[PDB]
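Asks: Give me a model of this one.
(2 chains, ligands or ions: 2)
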Amino acid sequence: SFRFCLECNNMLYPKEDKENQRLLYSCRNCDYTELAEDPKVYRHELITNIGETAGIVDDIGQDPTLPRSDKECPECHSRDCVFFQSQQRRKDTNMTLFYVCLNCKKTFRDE
Amino acid sequence: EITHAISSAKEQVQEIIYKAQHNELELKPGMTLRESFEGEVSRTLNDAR
Ligand SMILES: [Zn+2]
Ligand SMILES: [Zn+2]
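Replies: Numbering: from 1, shown residues only, chains lettered A, B, ... in the order given. Ligands and ions are numbered 1, 2, ... in the order given. Structure as follows:
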């Protein structure tokens, strides 16, 4: 997660303080240079799961098309929950489900 | 007899569906989990008919 400039409001890019060997972050517009917290500089993923539980809203109980199941709510023992499968849309994704209770709005699963 | 056979095949398809949803289906070579699920269901229903 890359930050932005406290002065110029642009984005900070990595750099090296060769006289201290500490990863700074250099503004390509201004001369401001702040200390950073995380020495990680890059990431790449192929086995991702972002979009697993993100497909839920507060008023998802108001959707009248979601099928309703009799699974017990682990939270409040509620015998009425709407359910749906993984909102990730890849080809190899599971068919495992997600379960949303209409009482506490806590999401749960059957595992 | 015909309606019993059709009901038995519907139960078989529902069992395949349960197995796929609880992650218990056996994949096939050169074939995805979803393509395996669809192939097994199509096999069951063709044999039902
Ligand atoms: Zn800057
Ligand atoms: Zn609940």
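Asks: Tell me, how many residues neighbour residue 48?
Replies: Went with chain A since none was named. Residues lying near residue A:48 (other Cβ atoms under 10 Å in any protein chain shown) number 9. For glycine as for every other residue, the C-beta is placed from the backbone atoms N, C-alpha and C.
Asks: wrong one, I was asking about chain B
Replies: 15.
Asks: check contacts around it.
Replies: If you count contacts by Cβ atoms under 8 Å, 6 or more residues apart in numbering or on different chains, residue B:48 has them with B:5, B:6, B:8, B:9.
Asks: repeat that with 7 Å
Replies: By Cβ atoms under 7 Å, 6 or more residues apart in numbering or on different chains, the residues touching residue B:48 are B:5, B:6, B:9.
Asks: which parts of chain B sit against chain A?
Replies: B:20, B:21, B:23, B:32, B:33, B:34 (Cβ under 7 Å from any Cβ of the partner chain).
Asks: Would you double-check that the first one falls in a strand?
Replies: No - per DSSP: H, G, I helix; E, B strand; the rest coil, residue B:20 lies outside any strand segment and is helix.
Asks: Could you report the distance from the closest residue to residue B:26 other than its chain neighbours to residue B:24?
Replies: Nearest non-adjacent residue to residue B:26, counting by Cβ to Cβ, 6 or more residues apart in numbering or on different chains: residue B:36, 7.4 Å away. As defined by Cβ to Cβ, to the nearest Å, residue B:36 lies at a distance of 12 Å from residue B:24.
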